[PDB]
file model.pdb (PDB, C-alpha atoms)
ATOM      1  CA  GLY A   1       0.000   0.000   0.000  1.00  0.00           C
ATOM      2  CA  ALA A   2       1.741   3.101  -1.300  1.00  0.00           C
ATOM      3  CA  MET A   3      -1.468   4.974  -2.099  1.00  0.00           C
ATOM      4  CA  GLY A   4      -2.251   5.106   1.584  1.00  0.00           C
ATOM      5  CA  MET A   5      -0.500   4.216   4.808  1.00  0.00           C
ATOM      6  CA  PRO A   6       2.035   1.352   4.544  1.00  0.00           C
ATOM      7  CA  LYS A   7       1.899  -1.391   7.169  1.00  0.00           C
ATOM      8  CA  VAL A   8       5.207  -1.243   9.026  1.00  0.00           C
ATOM      9  CA  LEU A   9       6.524  -3.890  11.401  1.00  0.00           C
ATOM     10  CA  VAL A  10       8.975  -2.657  14.029  1.00  0.00           C
ATOM     11  CA  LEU A  11      11.293  -5.111  15.718  1.00  0.00           C
ATOM     12  CA  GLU A  12      12.659  -3.306  18.730  1.00  0.00           C
ATOM     13  CA  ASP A  13      12.871  -4.497  22.323  1.00  0.00           C
ATOM     14  CA  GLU A  14      14.029  -1.004  23.284  1.00  0.00           C
ATOM     15  CA  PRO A  15      10.630   0.711  23.867  1.00  0.00           C
ATOM     16  CA  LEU A  16      12.086   4.211  23.605  1.00  0.00           C
ATOM     17  CA  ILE A  17      13.433   3.423  20.152  1.00  0.00           C
ATOM     18  CA  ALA A  18      10.363   1.360  19.254  1.00  0.00           C
ATOM     19  CA  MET A  19       8.053   4.206  20.222  1.00  0.00           C
ATOM     20  CA  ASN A  20      10.294   6.691  18.421  1.00  0.00           C
ATOM     21  CA  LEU A  21      10.324   4.532  15.300  1.00  0.00           C
ATOM     22  CA  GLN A  22       6.560   4.255  15.530  1.00  0.00           C
ATOM     23  CA  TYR A  23       6.280   8.051  15.701  1.00  0.00           C
ATOM     24  CA  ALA A  24       8.716   8.227  12.793  1.00  0.00           C
ATOM     25  CA  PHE A  25       6.853   5.890  10.462  1.00  0.00           C
ATOM     26  CA  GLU A  26       3.500   7.401  11.439  1.00  0.00           C
ATOM     27  CA  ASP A  27       5.003  10.829  10.768  1.00  0.00           C
ATOM     28  CA  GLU A  28       5.963   9.683   7.270  1.00  0.00           C
ATOM     29  CA  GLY A  29       2.381   8.535   6.822  1.00  0.00           C
ATOM     30  CA  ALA A  30       2.386   4.879   7.843  1.00  0.00           C
ATOM     31  CA  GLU A  31       0.895   2.511  10.416  1.00  0.00           C
ATOM     32  CA  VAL A  32       3.205   0.631  12.761  1.00  0.00           C
ATOM     33  CA  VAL A  33       3.118  -2.683  14.585  1.00  0.00           C
ATOM     34  CA  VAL A  34       5.538  -2.820  17.497  1.00  0.00           C
ATOM     35  CA  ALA A  35       7.069  -6.199  18.276  1.00  0.00           C
ATOM     36  CA  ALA A  36       9.861  -7.005  20.705  1.00  0.00           C
ATOM     37  CA  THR A  37       9.958 -10.670  19.790  1.00  0.00           C
ATOM     38  CA  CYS A  38      10.111 -12.789  16.667  1.00  0.00           C
ATOM     39  CA  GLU A  39       6.896 -14.386  17.905  1.00  0.00           C
ATOM     40  CA  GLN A  40       5.068 -11.042  17.956  1.00  0.00           C
ATOM     41  CA  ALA A  41       6.568 -10.266  14.579  1.00  0.00           C
ATOM     42  CA  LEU A  42       5.592 -13.537  12.935  1.00  0.00           C
ATOM     43  CA  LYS A  43       2.141 -13.119  14.440  1.00  0.00           C
ATOM     44  CA  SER A  44       1.751  -9.665  12.924  1.00  0.00           C
ATOM     45  CA  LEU A  45       3.317 -11.024   9.728  1.00  0.00           C
ATOM     46  CA  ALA A  46       0.430 -13.462   9.338  1.00  0.00           C
ATOM     47  CA  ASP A  47      -2.198 -11.283  11.006  1.00  0.00           C
ATOM     48  CA  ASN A  48      -1.455  -8.155   8.990  1.00  0.00           C
ATOM     49  CA  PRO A  49      -0.128  -7.444   5.479  1.00  0.00           C
ATOM     50  CA  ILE A  50       3.312  -6.078   6.252  1.00  0.00           C
ATOM     51  CA  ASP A  51       4.426  -3.652   3.542  1.00  0.00           C
ATOM     52  CA  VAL A  52       7.756  -2.978   5.189  1.00  0.00           C
ATOM     53  CA  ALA A  53       9.610  -3.739   8.390  1.00  0.00           C
ATOM     54  CA  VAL A  54      12.436  -2.467  10.524  1.00  0.00           C
ATOM     55  CA  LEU A  55      14.379  -4.991  12.578  1.00  0.00           C
ATOM     56  CA  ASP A  56      16.752  -4.522  15.496  1.00  0.00           C
ATOM     57  CA  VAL A  57      19.207  -7.374  15.312  1.00  0.00           C
ATOM     58  CA  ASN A  58      20.366  -7.237  18.917  1.00  0.00           C
ATOM     59  CA  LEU A  59      17.088  -7.798  20.771  1.00  0.00           C
ATOM     60  CA  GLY A  60      19.069  -9.554  23.469  1.00  0.00           C
ATOM     61  CA  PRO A  61      22.068 -11.819  24.232  1.00  0.00           C
ATOM     62  CA  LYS A  62      20.410 -14.620  22.264  1.00  0.00           C
ATOM     63  CA  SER A  63      17.211 -13.002  21.011  1.00  0.00           C
ATOM     64  CA  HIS A  64      17.599 -11.564  17.523  1.00  0.00           C
ATOM     65  CA  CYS A  65      15.391 -10.516  14.624  1.00  0.00           C
ATOM     66  CA  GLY A  66      16.033 -13.731  12.691  1.00  0.00           C
ATOM     67  CA  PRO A  67      12.854 -15.718  11.931  1.00  0.00           C
ATOM     68  CA  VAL A  68      11.369 -12.270  11.344  1.00  0.00           C
ATOM     69  CA  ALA A  69      14.018 -11.360   8.809  1.00  0.00           C
ATOM     70  CA  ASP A  70      13.617 -14.695   7.070  1.00  0.00           C
ATOM     71  CA  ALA A  71       9.822 -14.338   7.204  1.00  0.00           C
ATOM     72  CA  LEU A  72      10.180 -11.041   5.392  1.00  0.00           C
ATOM     73  CA  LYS A  73      12.781 -12.522   3.061  1.00  0.00           C
ATOM     74  CA  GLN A  74      10.306 -15.309   2.249  1.00  0.00           C
ATOM     75  CA  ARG A  75       7.555 -12.923   1.159  1.00  0.00           C
ATOM     76  CA  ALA A  76      10.087 -10.519  -0.368  1.00  0.00           C
ATOM     77  CA  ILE A  77       8.987  -7.845   2.100  1.00  0.00           C
ATOM     78  CA  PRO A  78      11.413  -4.906   2.387  1.00  0.00           C
ATOM     79  CA  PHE A  79      12.999  -4.152   5.735  1.00  0.00           C
ATOM     80  CA  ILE A  80      15.969  -2.450   7.316  1.00  0.00           C
ATOM     81  CA  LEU A  81      18.107  -3.752  10.152  1.00  0.00           C
ATOM     82  CA  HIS A  82      18.294  -1.018  12.752  1.00  0.00           C
ATOM     83  CA  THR A  83      20.886  -2.445  15.106  1.00  0.00           C
ATOM     84  CA  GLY A  84      23.695  -1.132  17.276  1.00  0.00           C
ATOM     85  CA  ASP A  85      25.527  -4.440  17.092  1.00  0.00           C
ATOM     86  CA  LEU A  86      26.676  -6.067  13.868  1.00  0.00           C
ATOM     87  CA  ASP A  87      29.548  -8.378  14.818  1.00  0.00           C
ATOM     88  CA  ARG A  88      27.356  -9.860  17.558  1.00  0.00           C
ATOM     89  CA  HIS A  89      25.147 -11.297  14.811  1.00  0.00           C
ATOM     90  CA  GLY A  90      27.291 -11.334  11.686  1.00  0.00           C
ATOM     91  CA  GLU A  91      26.157 -14.834  10.738  1.00  0.00           C
ATOM     92  CA  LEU A  92      22.527 -13.764  10.983  1.00  0.00           C
ATOM     93  CA  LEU A  93      23.109 -10.618   8.944  1.00  0.00           C
ATOM     94  CA  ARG A  94      24.746 -12.611   6.144  1.00  0.00           C
ATOM     95  CA  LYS A  95      21.585 -14.740   6.012  1.00  0.00           C
ATOM     96  CA  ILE A  96      19.314 -11.714   6.090  1.00  0.00           C
ATOM     97  CA  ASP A  97      21.111  -9.751   3.366  1.00  0.00           C
ATOM     98  CA  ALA A  98      19.333  -6.404   3.657  1.00  0.00           C
ATOM     99  CA  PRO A  99      20.010  -2.682   4.339  1.00  0.00           C
ATOM    100  CA  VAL A 100      20.910  -1.799   7.915  1.00  0.00           C
ATOM    101  CA  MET A 101      20.878   1.415   9.943  1.00  0.00           C
ATOM    102  CA  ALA A 102      23.420   1.328  12.752  1.00  0.00           C
ATOM    103  CA  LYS A 103      22.635   2.737  16.187  1.00  0.00           C
ATOM    104  CA  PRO A 104      22.543   5.441  17.118  1.00  0.00           C
ATOM    105  CA  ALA A 105      20.230   6.315  14.241  1.00  0.00           C
ATOM    106  CA  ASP A 106      17.559   8.960  13.898  1.00  0.00           C
ATOM    107  CA  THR A 107      14.298   7.114  13.663  1.00  0.00           C
ATOM    108  CA  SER A 108      13.153   9.415  10.861  1.00  0.00           C
ATOM    109  CA  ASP A 109      16.069   8.292   8.688  1.00  0.00           C
ATOM    110  CA  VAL A 110      15.344   4.709   9.589  1.00  0.00           C
ATOM    111  CA  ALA A 111      11.669   5.174   8.725  1.00  0.00           C
ATOM    112  CA  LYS A 112      12.252   7.132   5.525  1.00  0.00           C
ATOM    113  CA  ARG A 113      14.690   4.647   3.995  1.00  0.00           C
ATOM    114  CA  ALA A 114      12.391   1.791   5.013  1.00  0.00           C
ATOM    115  CA  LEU A 115       9.378   3.375   3.324  1.00  0.00           C
ATOM    116  CA  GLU A 116      11.548   4.258   0.319  1.00  0.00           C
ATOM    117  CA  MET A 117      11.842   0.508  -0.250  1.00  0.00           C
ATOM    118  CA  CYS A 118       8.113   0.187   0.385  1.00  0.00           C
ATOM    119  CA  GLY A 119       6.777   2.691  -2.108  1.00  0.00           C
ATOM    120  CA  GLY A 120       6.601   6.296  -3.172  1.00  0.00           C
ATOM    121  CA  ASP A 121       6.469   7.217  -6.837  1.00  0.00           C
ATOM    122  CA  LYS A 122       7.122   4.665  -9.600  1.00  0.00           C
ATOM    123  CA  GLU A 123       8.410   1.228  -8.621  1.00  0.00           C
ATOM    124  CA  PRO A 124      12.218   1.005  -9.030  1.00  0.00           C
ATOM    125  CA  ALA A 125      12.008  -2.078 -11.235  1.00  0.00           C
TER     126      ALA A 125
END

call {"tool": "encode", "arguments": {"input": "model.pdb", "output": "structure tokens"}}
result
Amino acid sequence: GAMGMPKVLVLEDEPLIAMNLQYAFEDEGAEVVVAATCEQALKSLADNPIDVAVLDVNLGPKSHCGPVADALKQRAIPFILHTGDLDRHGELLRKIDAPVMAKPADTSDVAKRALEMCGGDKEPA
């Protein structure tokens, strides 16, 4: 949905960032689902038609946006990895293969670039 509000999925266990991302995407003209877990994400993935996502890779010591990333990768849904840790999950990132926005990152920039892959004016085919 590029003619209206895109359905954004935010993977962020940091509620300050999650909330800020939500405000950011909504500010760009989108609707946001906030998920701190892959389970929430995959639920929203099936429950809603995710146009684009934004995934923090370092949800925790073991918890990572992985099944979420792959879920998106499966349906060819665009998403950006908004993480402050890369080397902590380098193997995961190589499997994901997608644009990332390192932390700290302004949530507007994270949102904009995410929605840029979602839609705007003329599909970049």

call {"tool": "closest_residue", "arguments": {"input": "model.pdb", "among": "A:71, A:35, A:80, A:45", "to": "residue 12 in chain A", "atoms": "all atoms listed in the file"}}
result
A:35

call {"tool": "resolve_selection", "arguments": {"input": "model.pdb", "expression": "the PyMOL selection byres ((chain A and resi 39) around 12)", "output": "VMD selection string"}}
result
chain A and resid 11 34 to 38 40 to 47 63 to 69 71

call {"tool": "resolve_selection", "arguments": {"input": "model.pdb", "expression": "the PyMOL selection byres ((chain A and resi 106) around 12)", "output": "VMD selection string"}}
result
chain A and resid 17 to 18 20 to 21 23 to 25 82 to 83 101 to 105 107 to 113

call {"tool": "atom_distance", "arguments": {"input": "model.pdb", "atom1": "CA of residue 121 in chain A", "atom2": "CA of residue 2 in chain A"}}
result
8.4 Å

call {"tool": "atom_distance", "arguments": {"input": "model.pdb", "atom1": "CA of residue 50 in chain A", "atom2": "CA of residue 100 in chain A"}}
result
18.2 Å

call {"tool": "closest_residue", "arguments": {"input": "model.pdb", "among": "A:70, A:117, A:54, A:75", "to": "residue 95 in chain A", "atoms": "only C-alpha atoms"}}
result
A:70

call {"tool": "residues_around", "arguments": {"input": "model.pdb", "residues": "residue 53 in chain A", "least_positions_apart": "4", "cutoff": "6 Å", "atoms": "only C-alpha atoms", "output": "MDAnalysis selection string"}}
result
chainID A and resid 8:10 79

call {"tool": "atom_distance", "arguments": {"input": "model.pdb", "atom1": "CA of residue 94 in chain A", "atom2": "CA of residue 14 in chain A"}}
result
23.3 Å

call {"tool": "closest_residue", "arguments": {"input": "model.pdb", "among": "A:96, A:16, A:81, A:33", "to": "residue 48 in chain A", "atoms": "all atoms listed in the file"}}
result
A:33

call {"tool": "axis_aligned_box", "arguments": {"input": "model.pdb", "around": "range 24-28 of chain A", "padding_each_side": "4 Å", "output": "lines of an AutoDock Vina configuration file"}}
result
center_x = 6.1
center_y = 8.4
center_z = 10.0
size_x = 13.2
size_y = 12.9
size_z = 13.5

call {"tool": "closest_residue", "arguments": {"input": "model.pdb", "among": "A:89, A:120, A:4, A:13", "to": "residue 31 in chain A", "atoms": "all atoms listed in the file"}}
result
A:4

call {"tool": "closest_residue", "arguments": {"input": "model.pdb", "among": "A:122, A:55, A:19, A:93", "to": "residue 3 in chain A", "atoms": "all atoms listed in the file"}}
result
A:122

call {"tool": "closest_residue", "arguments": {"input": "model.pdb", "among": "A:91, A:56, A:116, A:97", "to": "residue 76 in chain A", "atoms": "only C-alpha atoms"}}
result
A:97

call {"tool": "build_atoms", "arguments": {"input": "model.pdb", "residues": "range 76-110 of chain A", "atoms": "N, CA and C atoms", "output": "CSV table (one decimal), in the frame of the given file"}}
result
chain,number,residue,atom,x,y,z
A,76,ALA,N,9.4,-11.6,0.3
A,76,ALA,CA,10.1,-10.5,-0.4
A,76,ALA,C,9.7,-9.1,0.2
A,77,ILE,N,9.4,-9.1,1.5
A,77,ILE,CA,9.0,-7.8,2.1
A,77,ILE,C,10.2,-7.1,2.5
A,78,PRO,N,10.3,-5.8,2.1
A,78,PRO,CA,11.4,-4.9,2.4
A,78,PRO,C,11.5,-4.6,3.9
A,79,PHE,N,12.7,-4.5,4.3
A,79,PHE,CA,13.0,-4.2,5.7
A,79,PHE,C,14.4,-3.7,5.9
A,80,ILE,N,14.6,-3.0,7.0
A,80,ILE,CA,16.0,-2.4,7.3
A,80,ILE,C,16.4,-2.9,8.7
A,81,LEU,N,17.6,-3.3,8.9
A,81,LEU,CA,18.1,-3.8,10.2
A,81,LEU,C,18.6,-2.6,10.9
A,82,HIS,N,17.9,-2.2,11.9
A,82,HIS,CA,18.3,-1.0,12.8
A,82,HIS,C,18.9,-1.5,14.1
A,83,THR,N,20.2,-1.8,14.0
A,83,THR,CA,20.9,-2.4,15.1
A,83,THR,C,22.1,-1.6,15.5
A,84,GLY,N,22.5,-1.8,16.8
A,84,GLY,CA,23.7,-1.1,17.3
A,84,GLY,C,24.8,-2.1,17.3
A,85,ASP,N,24.5,-3.4,17.1
A,85,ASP,CA,25.5,-4.4,17.1
A,85,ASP,C,25.5,-5.2,15.8
A,86,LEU,N,26.6,-5.3,15.1
A,86,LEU,CA,26.7,-6.1,13.9
A,86,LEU,C,27.5,-7.4,14.1
A,87,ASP,N,28.6,-7.2,14.6
A,87,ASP,CA,29.5,-8.4,14.8
A,87,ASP,C,28.9,-9.4,15.8
A,88,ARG,N,28.1,-9.0,16.6
A,88,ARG,CA,27.4,-9.9,17.6
A,88,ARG,C,26.4,-10.8,16.8
A,89,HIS,N,26.1,-10.5,15.6
A,89,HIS,CA,25.1,-11.3,14.8
A,89,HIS,C,25.5,-11.3,13.3
A,90,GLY,N,26.8,-11.4,13.1
A,90,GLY,CA,27.3,-11.3,11.7
A,90,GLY,C,26.8,-12.5,10.8
A,91,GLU,N,26.7,-13.7,11.4
A,91,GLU,CA,26.2,-14.8,10.7
A,91,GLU,C,24.7,-14.6,10.3
A,92,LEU,N,23.9,-14.0,11.2
A,92,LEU,CA,22.5,-13.8,11.0
A,92,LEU,C,22.4,-12.8,9.8
A,93,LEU,N,23.2,-11.7,9.9
A,93,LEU,CA,23.1,-10.6,8.9
A,93,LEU,C,23.4,-11.1,7.5
A,94,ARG,N,24.4,-12.1,7.4
A,94,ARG,CA,24.7,-12.6,6.1
A,94,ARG,C,23.6,-13.4,5.6
A,95,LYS,N,22.8,-14.0,6.4
A,95,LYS,CA,21.6,-14.7,6.0
A,95,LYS,C,20.5,-13.8,5.6
A,96,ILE,N,20.3,-12.7,6.3
A,96,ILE,CA,19.3,-11.7,6.1
A,96,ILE,C,19.5,-11.0,4.7
A,97,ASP,N,20.7,-10.5,4.6
A,97,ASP,CA,21.1,-9.8,3.4
A,97,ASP,C,20.1,-8.6,3.1
A,98,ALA,N,20.2,-7.5,3.8
A,98,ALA,CA,19.3,-6.4,3.7
A,98,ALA,C,20.0,-5.1,4.2
A,99,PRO,N,19.5,-4.0,3.8
A,99,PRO,CA,20.0,-2.7,4.3
A,99,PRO,C,19.9,-2.6,5.9
A,100,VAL,N,20.9,-2.0,6.5
A,100,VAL,CA,20.9,-1.8,7.9
A,100,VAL,C,21.2,-0.3,8.3
A,101,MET,N,20.6,0.1,9.4
A,101,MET,CA,20.9,1.4,9.9
A,101,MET,C,21.4,1.3,11.3
A,102,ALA,N,22.7,1.6,11.5
A,102,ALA,CA,23.4,1.3,12.8
A,102,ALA,C,23.0,2.3,13.8
A,103,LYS,N,23.0,1.9,15.1
A,103,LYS,CA,22.6,2.7,16.2
A,103,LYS,C,23.9,3.4,16.7
A,104,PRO,N,23.8,4.7,17.1
A,104,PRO,CA,22.5,5.4,17.1
A,104,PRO,C,22.1,5.8,15.7
A,105,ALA,N,20.8,5.9,15.5
A,105,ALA,CA,20.2,6.3,14.2
A,105,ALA,C,19.0,7.1,14.5
A,106,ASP,N,18.8,8.2,13.8
A,106,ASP,CA,17.6,9.0,13.9
A,106,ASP,C,16.4,8.2,13.3
A,107,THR,N,15.4,8.0,14.0
A,107,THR,CA,14.3,7.1,13.7
A,107,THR,C,13.6,7.6,12.4
A,108,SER,N,13.7,8.9,12.1
A,108,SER,CA,13.2,9.4,10.9
A,108,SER,C,13.9,8.9,9.7
A,109,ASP,N,15.2,8.8,9.8
A,109,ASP,CA,16.1,8.3,8.7
A,109,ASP,C,15.8,6.8,8.5
A,110,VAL,N,15.6,6.1,9.6
A,110,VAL,CA,15.3,4.7,9.6
A,110,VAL,C,14.0,4.5,8.9
